[PDB]
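Step one of this worksheet: look at the structure below.
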Amino acid sequence: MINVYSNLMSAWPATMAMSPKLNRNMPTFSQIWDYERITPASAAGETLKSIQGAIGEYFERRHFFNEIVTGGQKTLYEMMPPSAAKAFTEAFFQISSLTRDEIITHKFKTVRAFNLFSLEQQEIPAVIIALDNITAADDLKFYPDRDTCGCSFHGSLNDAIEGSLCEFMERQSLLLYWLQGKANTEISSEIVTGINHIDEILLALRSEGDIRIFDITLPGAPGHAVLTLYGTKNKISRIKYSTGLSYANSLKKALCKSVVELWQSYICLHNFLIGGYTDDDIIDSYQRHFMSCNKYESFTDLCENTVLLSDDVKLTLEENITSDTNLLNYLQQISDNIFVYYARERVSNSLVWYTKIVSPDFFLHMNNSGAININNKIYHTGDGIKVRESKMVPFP
Amino acid sequence: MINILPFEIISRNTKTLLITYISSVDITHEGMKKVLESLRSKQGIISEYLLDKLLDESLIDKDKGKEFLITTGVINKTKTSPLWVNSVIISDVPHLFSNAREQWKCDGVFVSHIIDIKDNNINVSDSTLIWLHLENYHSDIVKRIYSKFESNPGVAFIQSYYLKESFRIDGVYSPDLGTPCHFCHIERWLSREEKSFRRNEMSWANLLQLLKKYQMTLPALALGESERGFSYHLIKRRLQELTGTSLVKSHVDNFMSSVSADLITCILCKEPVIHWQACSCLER
Amino acid sequence: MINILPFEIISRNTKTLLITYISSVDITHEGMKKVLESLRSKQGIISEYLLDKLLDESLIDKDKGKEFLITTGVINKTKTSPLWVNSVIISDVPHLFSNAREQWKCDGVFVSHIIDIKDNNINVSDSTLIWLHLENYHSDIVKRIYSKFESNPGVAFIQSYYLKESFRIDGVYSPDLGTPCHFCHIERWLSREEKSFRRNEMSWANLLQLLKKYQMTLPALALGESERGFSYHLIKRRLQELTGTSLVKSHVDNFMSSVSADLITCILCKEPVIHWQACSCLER
Amino acid sequence: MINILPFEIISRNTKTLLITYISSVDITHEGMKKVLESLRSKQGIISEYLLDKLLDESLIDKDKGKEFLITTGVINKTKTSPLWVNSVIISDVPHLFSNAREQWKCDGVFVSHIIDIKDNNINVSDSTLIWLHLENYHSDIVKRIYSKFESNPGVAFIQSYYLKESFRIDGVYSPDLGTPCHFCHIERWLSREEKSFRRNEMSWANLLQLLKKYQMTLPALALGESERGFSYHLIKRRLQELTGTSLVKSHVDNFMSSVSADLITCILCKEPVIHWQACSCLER
Amino acid sequence: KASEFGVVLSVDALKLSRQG
Amino acid sequence: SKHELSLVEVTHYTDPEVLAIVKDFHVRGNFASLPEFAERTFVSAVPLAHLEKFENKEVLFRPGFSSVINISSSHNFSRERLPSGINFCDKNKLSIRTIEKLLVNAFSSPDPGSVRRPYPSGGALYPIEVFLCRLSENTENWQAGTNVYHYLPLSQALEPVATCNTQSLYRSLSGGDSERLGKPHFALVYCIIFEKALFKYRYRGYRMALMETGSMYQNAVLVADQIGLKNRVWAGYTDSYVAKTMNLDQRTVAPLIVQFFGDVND
Amino acid sequence: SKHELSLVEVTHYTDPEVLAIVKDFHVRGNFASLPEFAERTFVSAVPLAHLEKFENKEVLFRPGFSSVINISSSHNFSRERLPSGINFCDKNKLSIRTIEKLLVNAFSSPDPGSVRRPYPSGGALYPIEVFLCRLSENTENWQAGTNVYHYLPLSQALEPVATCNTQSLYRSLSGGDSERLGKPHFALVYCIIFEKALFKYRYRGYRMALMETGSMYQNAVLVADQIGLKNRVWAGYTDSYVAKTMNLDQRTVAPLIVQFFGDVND
Ligand SMILES: Cc1cc2nc3c(=O)[nH]c(=O)nc-3n(C[C@H](O)[C@H](O)[C@H](O)COP(=O)(O)O)c2cc1C
Ligand SMILES: Cc1cc2nc3c(=O)[nH]c(=O)nc-3n(C[C@H](O)[C@H](O)[C@H](O)COP(=O)(O)O)c2cc1C
Ligand SMILES: [Cl-]
Ligand SMILES: [Cl-]
Ligand SMILES: [Cl-]
Ligand SMILES: [Zn+2]
Ligand SMILES: [Zn+2]
Ligand SMILES: [Zn+2]
């Protein structure tokens, strides 16, 4: 369904398609394929949200992978206020073997940004934002490992910022959980949500294997980052392990989105595997790594090393006194150095927005097997599990 | 009278930041925050009278206030009457259009001049749509027409050219209206090939970039009389769609749409054209 | 249930004629004239007990009298427990229906309430057909009504509204029966009205529009008293088909389908629509 | 048969580029440049003997040279004996086609004769496709052509004409294959244009008209040079699809179907029509 | 394939597959 | 399952114009057939009293003429097809063993390692799905409370589909004529996946898919006759209501025909 | 003949809107499939190299999940359906006795006084006609020079239809793929009479008629397997050309599917 096809020389991607499904209670899956300009973009959920999500995922990934042009070249201390420049320097000093002297005198390619709290306009290094190897090629020695953490696309700036904040919360929460093994609470694996498509997925997963659901929200933060985990020993199952993650203000909303994120990763990899596609078809190193984690030991390794702050397994999905504190206040207490990269483009009589929330006081990206700022305002080397500090989290 | 362009204001306590398609501005006057909050809720349209009232209520000089709103890209002042009083065709094949000016009057299309692209000293009047039609495409030809005429009052541009088996008609580029340009399409397309996650080593970008290096134009492939007659009619009808148009009773989507025609199947594909954030047409 | 069908009973000198849709009879029995006159002054449904009483009072055998009334087309007897036990009309012009509840009883149509869309705290019972009629259309109104009532056991909806020069009555939306909703209908008509020469509505221009909050109004011609009267009759007859005194049976392949009327030519077109690919009504 | 496909071979300084619909090649061999230049100056079909000679003259291995030319999209080799061995164009505006026979050879289209409809004693050979093109339509002209040629062994017909704001090309009428004739087509379009909201064309008003001698003219917009050029290209491409150098294959479900073009929007619609119930083409 | 005659710069893979 | 095809792979080739035109046509033949609409709808455009003249007749290539080449019935080696069952009665228990026998013989190869089926299909695409609906509490069940299953003819297995009660399913499948139908033990519902029928052959695929459905129910007629079940192919149902009750997504898949199975005694 | 129905009686109930809409749709699936169009047309929208992934697969109600109820193949009492014949060879003579056996067993009751058939039909209307096409001079004939016949399933008789030569018929039925087909002895052509399919049930009758066609060719598959004939159901023909060659009136009747029969040796 949909099935909009574009010529190779079109501005628009090769194919958009909404997949048919027999079961009215399964989520709709929509996908955009655009050769290997980017890897295919998809979303799942309610029909229209799935369509909107696939389009948004495509616009987002195309922007960060294919379309960034930098706005000049400046040193860190020319580019932003002094205490932001110092935090970047301390991030970059851990990422490469280069000296602080080399870091503070290097002229980085710049992109526009504003401080999340003060709205003070500045620039940040383009090398953090652009995913291609051309845009900020001469800065890659300082920051060789990039990814799309905190990236979002939407029709309004506030919605894009909200989307970026949610992803930032998700990934920072996931890395802390990965490194330390600490979660706030477990939600019952037999939980019933009342939402037909969520319960359909949960029942199917429970019948195929087993699940665990953890609230891994950054300690003291409002809202809820919910991590869903799946694993099976069943021989004829192609998916031995999968995961989903989502952050929202509502615990129920976060859990529902998390379940659908899991189903999405489960089914994409399942379809890759029954399609018989080769490893040469995988061009993304995070996707390659995730595929090599498709084994029951990923599930057991996570679950057996998880320690809960609360022993009581939650049977209901109510909020608590911390859930609705101010997220911006919470973040600012940790660090004033949180920035919003932004770009916008006219579409008819509207603007669409690309944003990325970036902080050198938090993890700059999610690959702790690569070159990462391991020492920051939420983690320091030796705090958590040693082997985890050199291994990438088993998450796509 | 006044089109309100899309924009955002973000506030944090007493800090306010305005972002338009072309600007990012710290808003520190209370009056201007109130003007912008009002315009943001109005949704595309306002009368000069209501804008003037809104400015007076917020204690902002009307002339300083409107110059700011126009310059930063919050509003544009455009006419109820037709945007373009006439059109000119600039081409590398001007002989194709040797009877178009006379013929197209009966379709209500008024083309005042056909101009050879090889002419040294091309002049174009105010409020004129410039149609640039090329059988031999090179990006520098479009760049030189843009540089010559972008500051002509009320000017707009449309380009037509050939890409393998397709004839493409770009959207309308209007500096006044702030619509995308030729390069918002083609340079963005080339960017996506160059910056592909995995480059296609047999990309058509290789041809286009090699033609730049070798100082060569991209020819239309084996056009005959019939392909040219087909192109001629498409040009006529597109011009007709742009005649008598303004923001008063013609949606911006008439301008921000391209038309591609497969010359083999004769099938037309009408597609949206959007701005590219990196384009130099936004440096303003 | 005994339904009184359309008829007249007329008299002049010593002559009395019964005329129904089925037959005409020169009436020569005074008692039966009396019965027919009393039946003519009643509205739609009559208790069999009162019919018997009427016949007894005119000294007519009940069986022979009933057989006469049935065979000539004065009454019929129905047995079937109906799917919706009641109808309500929700509207932005409730005054158009201020006599509908009492008038339409003589067509066997039970409308319990006329509800103004402006009312907060609108309640509807089990197994009710909800007719939503809008002169001033906005998609948010339909969404509010669905949001409130889609879960009501046995509910169904019909929506009516104006589009260009037409009056549209959607097919019956029944979640229990899995039939297409209003949004399935309005997308079918909006697609057909586009001058694309294509059944398929999807392209990048449409995909980009689907990013915005789904909402719309509809262009339509200004309504006069006669358009409202025509509409009123079509509503009545449609309700009558579904829940009232059936006068003409519908084939099973088009009984729940949409009905569209051109207000200029007065021609009707009855058409089943498919579920719209981007609609979530099926998933609820 | 060797067909030469669309391409250009361009040169500047020491750089030479081949561009086809399939590929682009930076040419570094002088002999192959020479071959490509000679092929570019020829029209459509070339004898394999001359191709071999061309390759021999440039000291290129014949097999390797041919493989290069085929794989890059310069030539292809076809094997199939075609259904119509020749085409003729019969028209009331034969001057519109006065260069068509010579031009269209480079699209692989063999048109043996342009015939003026005013000619008495028009002859056509076995297995010929007859294209009848009318600016000034009258049904009697079509009837005369059918009356003369329907019995010719292997004949087929295509008819083209204008109706309202459209250019119509009928599906191929082949008595051997049993496909619908012109009258089947024109009745389908006349029915669709009636504002009856009905697919079915029959009523007493239509039956009474069928009593008169079957004859008609068709209303249409006045044609300019651009409409004629557009039409000319569509004719060429249609003939090319059927009998010429195939560039894009057609699916078997729509290869012989009608093609209609809106002259305002330039949108094409390709549609199979049914045999008209009142037509006698099937019975002949 | 690479040839003695030149270097292939670009290919329209869809059309090549159909030249299936 | 070992033979799984994702519909994602199929939709890559879908022509959305073909799909829409086919769905538009298809829905013209859907019925609203419910007991509650009995007095306000009709099914037959021919009055009951005149139907006899149309039933079990031959139309001739040369009407009015009788010169024919007669063929002997001594070449017939076949059993008479049993009369279609009606007034079904579910008093006796019906085993899953009987239903399994129907399914594997009608739709599957005797060899479980083979992917060939006892009915052909254009392009070997097999776009028609068979669903099993349990309609009486006197029918034995595989999984307690699951009353709709999907038969996988290559895996030779049943996939659970729905836990609707037996009464809801019966109501949806039997349409207006449920009193005359009686009480069958189970039904088969044959469903078209639109995009699987259309993606290769376009419009002609729809025609091929409908024909395939008939080849499938015919195997079921023949197998049912051999195992002592009565059956009736049945078009008198409300398509959208059957789909909804089975939790089918009508954008993708539509029920073409229902086939009831059971006993006929009292 | 004793069972004759005049189409005059049928058309009295025809809705001309239904008829036109159905014909309009139907013709969208017709093909122009001829050897002379081989290099300018295509049939499959999927490239040959990717077709394997779609052939002989199962689509799942719960994709990605494998919890199923397995059924044993020990319940299967059936023979494997033979592979569909291809590269047919007509070197051996084929008797009218063999063709008669096919016809009476597939389409007729063993009792010649009965009007029931071995396949059911909505409303007992039987709107599908079977035509027999003789395709090789190595096929024996009933009437010298007549190569198309119409089978009357209740009379159990053949009506002469056309005296076109065997080569013209073969050309029309085999479409573009005649080299691969080879040389079958004969074909069955199944045809819908539009007004007979539509007059009672309206649009749903079209769907019923197409399904009925599949029940008919399936009986023929099964009977052919038992009498040692090979067969192939075939959609690769030019519908209007087949109709014309058989002298069918396309306003009334259209070929839905062709079925080739013969031997496969060399
Ligand atoms: C409706 C229908 C149309 C068919 N059309 C063709 C055809 O045009 N060409 C062909 O070679 N086979 C055709 N077949 C045969 C199938 O390709 C065949 O049944 C399938 O490949 C499975 O092979 P089998 O029958 O040998 O098991 C058709 C089958 C059906 C049911
Ligand atoms: C496609 C199809 C649909 C049918 N629909 C119905 C139906 O809705 N109601 C019914 O009683 N019988 C239905 N039948 C059964 C026929 O009425 C039956 O086959 C016919 O009357 C001949 O009777 P027999 O099967 O007992 O020989 C259907 C048969 C077919 C093939
Ligand atoms: Cl929330
Ligand atoms: Cl309310
Ligand atoms: Cl003459
Ligand atoms: Zn630009
Ligand atoms: Zn809907
Ligand atoms: Zn005709």
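Just remember, in the structure tokens the first chain shown is A, the second B, etc., residues are 1-based per chain, and ligands are 1-based in the order shown.
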Exercise for the section: Return as a ChimeraX atom specification every polymer residue, whether protein, DNA or RNA, with at least one atom no more than 6 Å from an atom of ligand 6; count only C-alpha atoms and all ligand atoms. Expected result: /B:180-181,183-184,279-281
Practice task
Report as a PyMOL selection string: the residues of stretch 64-191 of chain F with a DSSP assignment of helix (DSSP H, G or I), based on the backbone of this structure.
Solution key: chain F and resi 73-75+96-107+122-124+166-181
Practice task
Check every protein, DNA and RNA residue against ligand 5, keep those with an atom at most 6 Å away (counting only C-alpha atoms and all ligand atoms), and present them as an MDAnalysis selection string.
Solution key: chainID D and resid 120:122
Just the residues within 12 Å of stretch 24-38 of chain B, please, counting only C-alpha atoms, with nothing from its chain fewer than 4 positions along; format it as a short mmCIF file (atom, residue, chain, number, x, y, z; two decimals) with N, CA, C and O atoms, in the first residue's frame.
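Wrote it out as selection_14.cif, contents follow:
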data_model
loop_
_atom_site.label_atom_id
_atom_site.label_comp_id
_atom_site.auth_asym_id
_atom_site.auth_seq_id
_atom_site.Cartn_x
_atom_site.Cartn_y
_atom_site.Cartn_z
N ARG A 112 25.40 25.66 13.43
CA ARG A 112 24.61 26.54 14.27
C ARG A 112 24.02 25.75 15.45
O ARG A 112 23.72 24.56 15.32
N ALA A 113 23.89 26.40 16.60
CA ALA A 113 23.23 25.80 17.75
C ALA A 113 22.76 26.87 18.72
O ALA A 113 23.18 28.03 18.63
N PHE A 114 21.89 26.49 19.64
CA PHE A 114 21.63 27.34 20.79
C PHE A 114 21.65 26.54 22.07
O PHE A 114 21.39 25.34 22.06
N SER A 118 19.43 28.70 28.10
CA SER A 118 19.50 30.17 27.97
C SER A 118 19.04 30.69 26.59
O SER A 118 18.83 31.89 26.44
N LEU A 119 18.91 29.79 25.61
CA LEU A 119 18.70 30.13 24.20
C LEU A 119 19.83 30.98 23.59
O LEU A 119 19.65 31.52 22.50
N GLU A 120 20.99 31.02 24.24
CA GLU A 120 22.14 31.75 23.72
C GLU A 120 22.64 31.07 22.44
O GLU A 120 22.96 29.87 22.44
N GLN A 121 22.71 31.84 21.37
CA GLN A 121 23.15 31.35 20.09
C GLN A 121 24.65 31.16 20.07
O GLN A 121 25.39 31.95 20.63
N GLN A 122 25.09 30.08 19.43
CA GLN A 122 26.51 29.79 19.28
C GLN A 122 26.72 28.80 18.13
O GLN A 122 25.82 28.60 17.31
N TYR A 342 20.28 22.85 15.13
CA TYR A 342 19.00 22.96 14.40
C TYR A 342 19.23 23.34 12.96
O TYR A 342 20.23 23.98 12.61
N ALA A 343 18.31 22.87 12.12
CA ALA A 343 18.22 23.26 10.72
C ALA A 343 16.73 23.26 10.36
O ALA A 343 15.90 22.61 11.03
N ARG A 344 16.38 24.05 9.36
CA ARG A 344 15.01 24.12 8.90
C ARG A 344 14.91 24.40 7.41
O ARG A 344 15.81 25.02 6.81
N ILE B 4 2.10 36.15 6.00
CA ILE B 4 2.90 35.79 7.17
C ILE B 4 3.62 34.49 6.82
O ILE B 4 2.99 33.48 6.49
N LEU B 5 4.94 34.52 6.84
CA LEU B 5 5.72 33.33 6.54
C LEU B 5 5.74 32.38 7.76
O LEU B 5 5.47 32.80 8.87
N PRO B 6 6.06 31.10 7.52
CA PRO B 6 6.18 30.22 8.68
C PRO B 6 7.42 30.60 9.52
O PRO B 6 8.48 30.97 8.98
N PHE B 7 7.26 30.57 10.84
CA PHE B 7 8.40 30.84 11.73
C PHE B 7 8.12 30.23 13.08
O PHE B 7 6.99 29.83 13.36
N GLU B 8 9.14 30.20 13.93
CA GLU B 8 9.00 29.74 15.31
C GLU B 8 9.55 30.78 16.28
O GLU B 8 10.49 31.50 15.96
N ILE B 9 8.92 30.84 17.47
CA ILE B 9 9.49 31.53 18.62
C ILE B 9 9.60 30.50 19.73
O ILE B 9 8.66 29.76 19.99
N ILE B 10 10.75 30.47 20.38
CA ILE B 10 10.93 29.60 21.56
C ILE B 10 11.24 30.52 22.74
O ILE B 10 12.03 31.45 22.59
N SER B 11 10.59 30.27 23.87
CA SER B 11 10.78 31.08 25.07
C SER B 11 11.25 30.27 26.27
O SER B 11 10.86 29.12 26.44
N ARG B 12 12.11 30.88 27.07
CA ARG B 12 12.62 30.28 28.30
C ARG B 12 12.74 31.38 29.34
O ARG B 12 13.64 32.24 29.24
N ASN B 13 11.82 31.37 30.30
CA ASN B 13 11.60 32.50 31.19
C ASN B 13 11.41 33.78 30.33
O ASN B 13 10.47 33.83 29.52
N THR B 14 12.32 34.75 30.47
CA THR B 14 12.26 36.02 29.74
C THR B 14 13.12 36.03 28.47
O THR B 14 13.24 37.06 27.81
N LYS B 15 13.72 34.88 28.13
CA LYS B 15 14.51 34.76 26.91
C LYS B 15 13.58 34.31 25.79
O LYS B 15 12.78 33.40 25.99
N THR B 16 13.70 34.94 24.62
CA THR B 16 12.88 34.58 23.46
C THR B 16 13.80 34.54 22.26
O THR B 16 14.57 35.46 22.05
N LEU B 17 13.70 33.46 21.48
CA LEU B 17 14.47 33.31 20.25
C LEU B 17 13.49 33.08 19.09
O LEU B 17 12.60 32.22 19.18
N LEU B 18 13.67 33.86 18.02
CA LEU B 18 12.87 33.81 16.80
C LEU B 18 13.71 33.11 15.74
O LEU B 18 14.89 33.43 15.58
N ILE B 19 13.13 32.15 15.03
CA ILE B 19 13.81 31.52 13.91
C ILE B 19 12.86 31.47 12.72
O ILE B 19 11.80 30.89 12.81
N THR B 20 13.28 32.10 11.63
CA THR B 20 12.55 32.14 10.37
C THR B 20 13.30 31.24 9.40
O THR B 20 14.30 30.65 9.76
N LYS B 42 -1.90 33.79 13.85
CA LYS B 42 -2.79 34.30 12.77
C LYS B 42 -2.90 33.35 11.58
O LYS B 42 -3.92 33.33 10.90
N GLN B 43 -1.83 32.60 11.31
CA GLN B 43 -1.88 31.49 10.36
C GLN B 43 -1.98 31.91 8.88
O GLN B 43 -2.90 31.49 8.19
N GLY B 44 -0.98 32.67 8.43
CA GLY B 44 -0.73 32.90 7.01
C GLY B 44 -1.14 34.27 6.52
O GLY B 44 -0.48 34.84 5.67
N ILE B 45 -2.24 34.80 7.05
CA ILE B 45 -2.82 36.01 6.49
C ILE B 45 -3.00 37.14 7.50
O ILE B 45 -3.33 36.92 8.67
N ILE B 46 -2.78 38.36 7.03
CA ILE B 46 -3.18 39.55 7.76
C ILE B 46 -3.28 40.74 6.80
O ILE B 46 -2.51 40.87 5.85
N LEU B 50 -4.65 45.54 10.17
CA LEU B 50 -4.46 44.72 11.38
C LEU B 50 -2.99 44.66 11.82
O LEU B 50 -2.71 44.76 13.02
N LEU B 51 -2.06 44.53 10.87
CA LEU B 51 -0.62 44.61 11.19
C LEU B 51 -0.24 45.96 11.83
O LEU B 51 0.42 45.99 12.87
N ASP B 52 -0.68 47.05 11.19
CA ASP B 52 -0.50 48.41 11.73
C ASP B 52 -1.09 48.58 13.13
O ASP B 52 -0.47 49.22 13.99
N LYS B 53 -2.29 48.03 13.35
CA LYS B 53 -2.93 48.06 14.68
C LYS B 53 -2.08 47.29 15.69
O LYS B 53 -1.76 47.81 16.75
N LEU B 54 -1.69 46.07 15.31
CA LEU B 54 -0.87 45.19 16.16
C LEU B 54 0.46 45.83 16.56
O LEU B 54 0.91 45.69 17.69
N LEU B 55 1.09 46.53 15.62
CA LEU B 55 2.32 47.26 15.89
C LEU B 55 2.11 48.43 16.86
O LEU B 55 2.87 48.59 17.82
N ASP B 56 1.08 49.24 16.60
CA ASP B 56 0.74 50.38 17.48
C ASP B 56 0.43 49.94 18.92
O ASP B 56 0.84 50.61 19.87
N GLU B 57 -0.29 48.83 19.07
CA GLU B 57 -0.64 48.31 20.40
C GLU B 57 0.60 47.86 21.18
O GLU B 57 0.65 47.99 22.40
N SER B 58 1.61 47.34 20.47
CA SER B 58 2.86 46.90 21.09
C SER B 58 3.95 47.99 21.19
O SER B 58 5.10 47.69 21.52
N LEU B 59 3.59 49.26 20.93
CA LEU B 59 4.50 50.41 21.05
C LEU B 59 5.78 50.27 20.21
O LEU B 59 6.89 50.54 20.68
N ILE B 60 5.61 49.84 18.96
CA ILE B 60 6.72 49.70 18.02
C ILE B 60 6.42 50.57 16.80
O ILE B 60 5.34 50.45 16.20
N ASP B 61 7.38 51.42 16.44
CA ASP B 61 7.28 52.25 15.24
C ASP B 61 6.91 51.36 14.06
O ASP B 61 7.55 50.32 13.82
N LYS B 62 5.87 51.76 13.33
CA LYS B 62 5.35 50.94 12.23
C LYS B 62 6.38 50.67 11.12
O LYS B 62 6.47 49.54 10.61
N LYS B 64 9.93 50.93 11.25
CA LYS B 64 11.02 50.10 11.80
C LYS B 64 10.54 48.66 11.99
O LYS B 64 11.25 47.73 11.66
N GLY B 65 9.34 48.52 12.54
CA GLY B 65 8.72 47.22 12.79
C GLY B 65 8.51 46.41 11.55
O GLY B 65 8.89 45.23 11.50
N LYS B 66 7.93 47.01 10.51
CA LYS B 66 7.72 46.29 9.26
C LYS B 66 9.01 45.98 8.51
O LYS B 66 9.15 44.90 7.94
N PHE B 68 11.88 45.36 9.89
CA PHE B 68 12.39 44.21 10.63
C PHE B 68 11.69 42.90 10.24
O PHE B 68 12.34 41.87 9.93
N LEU B 69 10.36 42.94 10.20
CA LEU B 69 9.56 41.76 9.86
C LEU B 69 9.83 41.25 8.46
O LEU B 69 9.94 40.05 8.24
N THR B 71 12.69 42.00 6.63
CA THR B 71 14.11 41.69 6.45
C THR B 71 14.46 40.35 7.06
O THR B 71 15.19 39.59 6.48
N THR B 72 13.91 40.06 8.24
CA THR B 72 14.15 38.78 8.92
C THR B 72 13.33 37.60 8.41
O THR B 72 13.58 36.48 8.83
N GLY B 73 12.37 37.82 7.51
CA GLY B 73 11.59 36.73 6.90
C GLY B 73 10.38 36.27 7.69
O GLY B 73 10.03 35.09 7.65
N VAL B 74 9.75 37.18 8.43
CA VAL B 74 8.51 36.88 9.13
C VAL B 74 7.32 37.17 8.21
O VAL B 74 6.34 36.43 8.23
N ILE B 75 7.39 38.27 7.45
CA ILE B 75 6.32 38.60 6.50
C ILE B 75 6.90 38.87 5.12
O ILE B 75 8.10 39.13 4.98
#
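For the pair atom CA of residue G:224 and atom CA of residue F:226, the interatomic distance is 19.3 Å.
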Problem - Test item: residues lying within 6 Å of ligand 2 with only C-alpha atoms and all ligand atoms, as number ranges by chain - result: F: 83-84, 232-236; G: 116, 120-124, 208, 212
Problem - Env. residues ligand 3 / 9 Å / only C-alpha atoms and all ligand atoms / as an MDAnalysis selection string - result: chainID A and resid 223 247:254
Exercise for the section: Run DSSP on the backbone and give me the residues of stretch 314-369 of chain A it puts in strand (DSSP E or B), as a list in words. Expected result: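 Of stretch 314-369 of chain A, the ones in strand (DSSP E or B) are residues 314, 339, 340, 341, 342, 343, 344, 345, 346, 347, 350, 351, 352, 353, 354, 355, 356, 357 and 358 of chain A.
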